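**Q** The structure's right below; bear with me while I get my questions together.
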Amino acid sequence: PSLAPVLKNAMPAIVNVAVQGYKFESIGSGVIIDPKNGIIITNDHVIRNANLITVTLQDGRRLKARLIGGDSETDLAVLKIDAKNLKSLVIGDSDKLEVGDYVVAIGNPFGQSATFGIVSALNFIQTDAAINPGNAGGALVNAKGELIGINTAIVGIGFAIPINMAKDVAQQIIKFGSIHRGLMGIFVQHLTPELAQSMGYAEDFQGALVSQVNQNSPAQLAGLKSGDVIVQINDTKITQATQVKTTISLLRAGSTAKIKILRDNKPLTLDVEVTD
Amino acid sequence: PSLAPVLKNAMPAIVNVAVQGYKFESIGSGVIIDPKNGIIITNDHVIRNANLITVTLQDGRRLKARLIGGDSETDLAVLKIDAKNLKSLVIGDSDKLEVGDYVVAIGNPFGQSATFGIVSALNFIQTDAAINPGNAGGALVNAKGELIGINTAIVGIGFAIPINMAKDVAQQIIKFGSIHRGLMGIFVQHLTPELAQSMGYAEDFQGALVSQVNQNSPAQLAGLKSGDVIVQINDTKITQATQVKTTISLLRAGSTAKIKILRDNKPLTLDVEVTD
Amino acid sequence: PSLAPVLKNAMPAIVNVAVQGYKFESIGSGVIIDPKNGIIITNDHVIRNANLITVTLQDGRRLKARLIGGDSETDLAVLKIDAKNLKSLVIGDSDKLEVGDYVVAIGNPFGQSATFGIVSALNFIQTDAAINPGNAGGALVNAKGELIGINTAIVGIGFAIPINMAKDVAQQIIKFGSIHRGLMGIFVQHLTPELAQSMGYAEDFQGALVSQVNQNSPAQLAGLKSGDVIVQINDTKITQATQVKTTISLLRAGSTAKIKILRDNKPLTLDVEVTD
């Protein structure tokens, strides 16, 4: 057997990414996620100080890109392409992923490049498939050609970000133009006036909107649902998203934190367990 | 396909090993061999100058260990655990091993870590599976999850000790509290007074007991069986096990060596061919 | 499964190659191509400044070798052995090769050594199978044990020369005692007097014989067939094979080049597109 059949299918979605800033020359790969919107994902540090981000496809179509946004902590960034006809790959679930699963790291450093290995450990994915500068921000796929992760930069040891997590950050960037991680597996956003009155609240109302609560995280289990609004963490008032990361990070691990929330006009309070 | 099914089964037997001496901090992995006795094997240099050897299991049970003994030349050491409920892995035969066989190097450097490759050459096993400090003394297993070797430290090139050989040294350590390799594939031991009269000899009788003769080695083929007793190698008398390695090492390769033995009360003499 | 069955079959054809010159000591591997003629191939730089090239087989038969010739650009060289009984391997087609295909790099650095990986990219073959000094000039084989390439020296990244190309250069060396690469995928040779009158031409006739035109190359598509004879490239006369590489290299990429040829007594002219 071989992987050629299934890599043939993965290939088209993998792009090359050249960056020029200040003169600067950066090169990495990227994966097309939504061809009907022209959306691709690559590493965050590749497009750092980016002045000219140029994407080259498989068919050689050189195109210019628009950084919708990027995330530091996962080293991920999202770009938009204003083009059509694009093809993507079949994408899988990183939840089904187990150590021992075979794995291939693809990229496009020039004008392909695939390395084989397995998953070594399992919030990134460790692998003995050889990742490179040329193929960071590229596609890590399973033995079925399903996209299970995005390559990053760091030995004999590679790391990728599980595509579930990857897609979660891209969406926040797509829907909000940004991404802000608060406490214990939740994502928060600035509760703008227009967002406030989109949720039945007053224009003058302030807080940190919870844009997503990851399942079985301490906050989900502390009872915090998405669409809630934090106004106070302990004896400190909250009025923007960045304050959550700030307030939380200034409290020792495993501490009881009383956080006032506001779910559908009713104020609550949630006792929560701080995680490092 | 994948290896997850079979690595799931291997995992429980793999331990983490933390060592403190003189302040010193050493970390490696190890494999549980006999759960009904609490016996684990790891690398010898990990527990060097060991003052505190602490073992952490899969279920997180941190336990203290007792160095039964260790071997330098194979870089192997044996530890005892005074605990119950333990599970081991399925263990194979290193004789069935051939170059080309797939292979996975597992360890437990933190709190898993598995790398894939094949057997490169075949008295250790060379492999392109990536071994590390974190995963030396850990389990090398075949494509069937059978334990075929123990990882060691040294590139793109790893080495393991064939589990047959590994089990042979552990047993000597278990049965005798030590291990001494004499000439051409044989293992010798101090013929203590209590051992002498356990074999029908006199209390006052002296020699180097042969505790094991490996099959098809020059000494087996020179006719030397286990349970024999060397009293003289050439014109030099023998009275303890260490003298065999000493006497033999001082003779050029492929030399004729006349060794008086004593098998069941009858003295013999064996013409033997020195191997480097 | 495993690869042992199929590596067993490959092994015999793989040789060790030790070189002594000026004191010099070089070591690499090589593959037996034609056992009925005693022909082996290895890397070119291994037998550089070679004064004593000694080959050792699998059965340990140490034999002396005769450098028929070698090629720099592909880093390949051909040696002859004046011996019998030899066995070779099953050899494949590098055209069927695709990225994702599994792959094993074998050699004989001592007295075997095989590493596993896939084809990474595709005029050499890139692979994440680990090549070494010890195993350069050795056999890269597919998952079927078919010889698909010859290992070379250069990271996490190996390179081999597709066996089709490899066999093409060896034959030129075998048939002509040399190899000279002209323009855009063609091979040229000195049109010696004896060769001239072997092709119906006069003894006094001069030019650069085309000893092979690779399919779908610019020159094939420019209409140039093997067995033709170049006498002029542009306004410059041609009288030996080395002049083609010389003339061509002194013209910018993608230029129109008018080359007088002489196919079966009739002069032509061929408009050709220069490739870098």
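So basically every Cβ, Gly included, is an ideal-geometry build from the backbone, and we count neighbours across all protein chains shown. Numbers and lists here come from the model and the stated rules, or from a named source; none is laboratory data.
**Q** Answer yes if at least one residue in segment A:163-180 is of a type in the set (D, E) and within 14 Å of chain B (Cβ to nearest Cβ), and no otherwise.
**A** no
**Q** Tally the residues that are among the basic types (K, R) and assigned to a loop (DSSP other than H, G, I, E, B), restricting the search to segment B:227-262.
**A** 1
**Q** While we're here: Is there a residue in segment B:86-96 that is under 25 Å from C:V103 (Cβ atoms) and within 14 Å of chain C (Cβ to nearest Cβ)?
**A** Yes, that holds for at least one residue.
**Q** Residues to consider are C:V169, C:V188; find the one that is aliphatic (A, V, I, L, M) and closer than 24 Å to C:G92 by Cα.
**A** Testing whether each residue is aliphatic (A, V, I, L, M) and closer than 24 Å to C:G92 by Cα leaves just C:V169.
**Q** From the list C:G145, C:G111, C:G137, which residue is within 16 Å of C:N43 (Cβ to Cβ), more than 9 Å from chain A (Cβ to nearest Cβ) and out of contact with any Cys (no Cβ under 9 Å at 6 or more places or on another chain)?
**A** Only one candidate passes the filter, namely C:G137.
**Q** Any residue at all in segment A:64-75 that's under 22 Å from A:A153 (Cα atoms), among the polar types (S, T, N, Q), within 14 Å of another protein chain (Cβ to nearest Cβ) and out of contact with any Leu (no Cβ under 7 Å at 6 or more places or on another chain)?
**A** No, every residue in segment A:64-75 fails to be under 22 Å from A:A153 (Cα atoms), among the polar types (S, T, N, Q), within 14 Å of another protein chain (Cβ to nearest Cβ) and out of contact with any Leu (no Cβ under 7 Å at 6 or more places or on another chain).
**Q** I'd like to know if segment C:210-232 contains one or more residues that are farther than 23 Å from C:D168 by Cβ and outside the structural domain of C:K175 (by CATH).
**A** Yes, the conditions are met somewhere in segment C:210-232.
**Q** Here is a follow-up. Restricting segment B:120-134 to residues that are away from chain A (no Cβ under 14 Å) and in a loop (DSSP other than H, G, I, E, B), which is farthest from B:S26 (Cα to Cα)?
**A** Residue satisfying both the conditions and the ranking: B:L122.
**Q** Condition first: at positive phi and in contact with a strand residue (DSSP E or B) (Cβ under 8 Å, 6 or more places away or on another chain). Now tell me which residues in segment A:215-261 satisfy that.
**A** Correct list: A:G223, A:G227, A:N234, A:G254.
**Q** Taking helices (runs of 4 or more DSSP H) that fall entirely within segment B:151-224, which contain at least 2 residues that are of a type in the set (G, A, S) and surrounded by 17 or more Cβ atoms within 10 Å (Cβ to Cβ)?
**A** B:163-176
**Q** Something else now. Any residue in segment A:114-135 that is outside the structural domain of A:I14 (by CATH) sitting within a Cβ distance under 6 Å of a residue that is charged (D, E, K, R) and in a loop (DSSP other than H, G, I, E, B)? List the pairs, counting only those 6 or more apart or interchain.
**A** A:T115/C:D128; A:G117/A:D128; A:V119/A:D101; A:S120/A:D128; A:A130/C:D128
**Q** Determine which member of the set B:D204, B:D168 is closer than 30 Å to B:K260 by Cβ and more than 17 Å from the chain's Cα centre (by Cα).
**A** B:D204
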